[PDB]
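Chemist: One structure coming up, written as structure tokens, with questions to follow.
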Amino acid sequence: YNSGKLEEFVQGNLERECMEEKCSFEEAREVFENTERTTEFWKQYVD
């Protein structure tokens, strides 16, 4: 059960734990698990 979408013990969102405030490009890289997906979205989030 490395994943199996536990969901009561997991993590994989952005709005919840990043938006309505401000965080960092780092950590986003970790959820998308690939550099390409993270800079090509965080681009919009910033300026």
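Labels for the structure tokens follow display order: chains A, B, ..., residues from 1 in each chain, ligands from 1.
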Could you name the residues that touch region 35-39 of chain A at 12 Å or less, counting only C-alpha atoms, but leaving out those on the same chain fewer than 5 positions away, as a PyMOL selection string?

Modeler: chain A and resi 14+24-30+44-47

Chemist: Restrict the selected residues to N, CA, C and O atoms and save them as a CSV table (one decimal), in the first residue's frame.

Modeler:
chain,number,residue,atom,x,y,z
A,14,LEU,N,-3.4,21.5,-4.2
A,14,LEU,CA,-2.6,22.7,-4.3
A,14,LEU,C,-3.4,23.9,-3.7
A,14,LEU,O,-2.9,24.6,-2.9
A,24,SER,N,5.8,28.4,-2.2
A,24,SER,CA,7.1,28.3,-2.9
A,24,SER,C,7.0,27.3,-4.0
A,24,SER,O,6.2,26.4,-4.0
A,25,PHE,N,7.8,27.5,-5.1
A,25,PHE,CA,7.9,26.6,-6.2
A,25,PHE,C,8.4,25.3,-5.7
A,25,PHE,O,8.0,24.2,-6.3
A,26,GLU,N,9.3,25.3,-4.8
A,26,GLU,CA,9.7,24.0,-4.1
A,26,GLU,C,8.5,23.4,-3.4
A,26,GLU,O,7.6,24.1,-2.9
A,27,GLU,N,8.5,22.1,-3.3
A,27,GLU,CA,7.4,21.3,-2.8
A,27,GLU,C,6.3,21.1,-3.8
A,27,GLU,O,5.7,20.0,-3.8
A,28,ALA,N,6.0,22.0,-4.7
A,28,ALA,CA,5.1,21.8,-5.8
A,28,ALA,C,5.8,20.8,-6.7
A,28,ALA,O,5.1,19.9,-7.2
A,29,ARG,N,7.1,21.0,-7.0
A,29,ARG,CA,7.9,20.0,-7.7
A,29,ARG,C,7.7,18.6,-7.2
A,29,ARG,O,7.8,17.6,-8.0
A,30,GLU,N,7.4,18.5,-5.9
A,30,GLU,CA,7.4,17.1,-5.3
A,30,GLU,C,6.1,16.4,-5.5
A,30,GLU,O,6.0,15.2,-5.6
A,44,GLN,N,1.9,30.8,-14.1
A,44,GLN,CA,0.7,31.6,-14.0
A,44,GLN,C,0.5,32.1,-12.6
A,44,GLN,O,0.0,33.3,-12.4
A,45,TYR,N,0.7,31.3,-11.6
A,45,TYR,CA,0.5,31.6,-10.2
A,45,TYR,C,1.3,32.8,-9.8
A,45,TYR,O,0.9,33.6,-8.9
A,46,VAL,N,2.5,33.0,-10.4
A,46,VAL,CA,3.3,34.2,-10.2
A,46,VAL,C,3.2,35.2,-11.3
A,46,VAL,O,2.1,35.3,-11.9
A,47,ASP,N,4.2,35.9,-11.7
A,47,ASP,CA,4.2,36.9,-12.7
A,47,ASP,C,5.3,36.8,-13.7
A,47,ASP,O,6.4,37.4,-13.5

Chemist: One decimal, Å: what's the distance from CA of residue 2 (chain A) over to CA of residue 41 (chain A), could you say?

Modeler: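 CA of residue 2 (chain A) sits 26.8 Å away from CA of residue 41 (chain A).
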
Chemist: What parts of chain A does DSSP call alpha helix (DSSP H)? I'd like the answer as an NGL selection string.

Modeler: :A and (28-31 or 36-45)

Chemist: Mind dumping the selected residues with N, CA, C and O atoms as a PDB file, in the first residue's frame?

Modeler:
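Generated file (part-v3.pdb):
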ATOM      1  N   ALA A  28       6.024  22.047  -4.668  1.00  0.00           N
ATOM      2  CA  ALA A  28       5.127  21.793  -5.804  1.00  0.00           C
ATOM      3  C   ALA A  28       5.780  20.801  -6.735  1.00  0.00           C
ATOM      4  O   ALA A  28       5.149  19.871  -7.244  1.00  0.00           O
ATOM      5  N   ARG A  29       7.054  21.009  -6.998  1.00  0.00           N
ATOM      6  CA  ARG A  29       7.854  20.035  -7.737  1.00  0.00           C
ATOM      7  C   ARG A  29       7.704  18.628  -7.210  1.00  0.00           C
ATOM      8  O   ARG A  29       7.829  17.650  -7.980  1.00  0.00           O
ATOM      9  N   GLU A  30       7.421  18.454  -5.934  1.00  0.00           N
ATOM     10  CA  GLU A  30       7.383  17.129  -5.317  1.00  0.00           C
ATOM     11  C   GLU A  30       6.054  16.437  -5.514  1.00  0.00           C
ATOM     12  O   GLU A  30       5.983  15.196  -5.575  1.00  0.00           O
ATOM     13  N   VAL A  31       4.984  17.201  -5.620  1.00  0.00           N
ATOM     14  CA  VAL A  31       3.646  16.630  -5.788  1.00  0.00           C
ATOM     15  C   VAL A  31       3.405  16.261  -7.232  1.00  0.00           C
ATOM     16  O   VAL A  31       2.850  15.197  -7.546  1.00  0.00           O
ATOM     17  N   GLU A  36       8.869  19.465 -15.298  1.00  0.00           N
ATOM     18  CA  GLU A  36       8.095  20.069 -16.380  1.00  0.00           C
ATOM     19  C   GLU A  36       6.726  20.484 -15.898  1.00  0.00           C
ATOM     20  O   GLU A  36       6.272  21.616 -16.113  1.00  0.00           O
ATOM     21  N   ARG A  37       6.046  19.575 -15.225  1.00  0.00           N
ATOM     22  CA  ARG A  37       4.769  19.885 -14.583  1.00  0.00           C
ATOM     23  C   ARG A  37       5.005  20.476 -13.212  1.00  0.00           C
ATOM     24  O   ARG A  37       5.243  19.756 -12.239  1.00  0.00           O
ATOM     25  N   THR A  38       4.884  21.784 -13.105  1.00  0.00           N
ATOM     26  CA  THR A  38       5.221  22.565 -11.913  1.00  0.00           C
ATOM     27  C   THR A  38       5.745  23.934 -12.277  1.00  0.00           C
ATOM     28  O   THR A  38       5.341  24.946 -11.643  1.00  0.00           O
ATOM     29  N   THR A  39       6.654  24.073 -13.219  1.00  0.00           N
ATOM     30  CA  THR A  39       7.072  25.378 -13.734  1.00  0.00           C
ATOM     31  C   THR A  39       6.132  25.874 -14.806  1.00  0.00           C
ATOM     32  O   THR A  39       5.946  27.079 -15.009  1.00  0.00           O
ATOM     33  N   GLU A  40       5.533  24.942 -15.527  1.00  0.00           N
ATOM     34  CA  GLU A  40       4.518  25.262 -16.532  1.00  0.00           C
ATOM     35  C   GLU A  40       3.117  25.356 -15.968  1.00  0.00           C
ATOM     36  O   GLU A  40       2.116  25.062 -16.640  1.00  0.00           O
ATOM     37  N   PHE A  41       3.004  25.782 -14.726  1.00  0.00           N
ATOM     38  CA  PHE A  41       1.727  26.076 -14.077  1.00  0.00           C
ATOM     39  C   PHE A  41       1.942  27.149 -13.025  1.00  0.00           C
ATOM     40  O   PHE A  41       1.184  28.113 -12.875  1.00  0.00           O
ATOM     41  N   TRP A  42       3.006  26.972 -12.258  1.00  0.00           N
ATOM     42  CA  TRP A  42       3.471  27.974 -11.305  1.00  0.00           C
ATOM     43  C   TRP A  42       3.807  29.273 -12.001  1.00  0.00           C
ATOM     44  O   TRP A  42       3.893  30.340 -11.373  1.00  0.00           O
ATOM     45  N   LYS A  43       4.022  29.216 -13.301  1.00  0.00           N
ATOM     46  CA  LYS A  43       4.240  30.415 -14.108  1.00  0.00           C
ATOM     47  C   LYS A  43       3.070  31.362 -13.988  1.00  0.00           C
ATOM     48  O   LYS A  43       3.223  32.572 -13.780  1.00  0.00           O
ATOM     49  N   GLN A  44       1.871  30.819 -14.102  1.00  0.00           N
ATOM     50  CA  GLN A  44       0.650  31.610 -14.000  1.00  0.00           C
ATOM     51  C   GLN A  44       0.452  32.120 -12.591  1.00  0.00           C
ATOM     52  O   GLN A  44       0.049  33.267 -12.360  1.00  0.00           O
ATOM     53  N   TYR A  45       0.744  31.274 -11.620  1.00  0.00           N
ATOM     54  CA  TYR A  45       0.530  31.606 -10.215  1.00  0.00           C
ATOM     55  C   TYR A  45       1.323  32.825  -9.810  1.00  0.00           C
ATOM     56  O   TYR A  45       0.938  33.592  -8.919  1.00  0.00           O
TER      57      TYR A  45
END
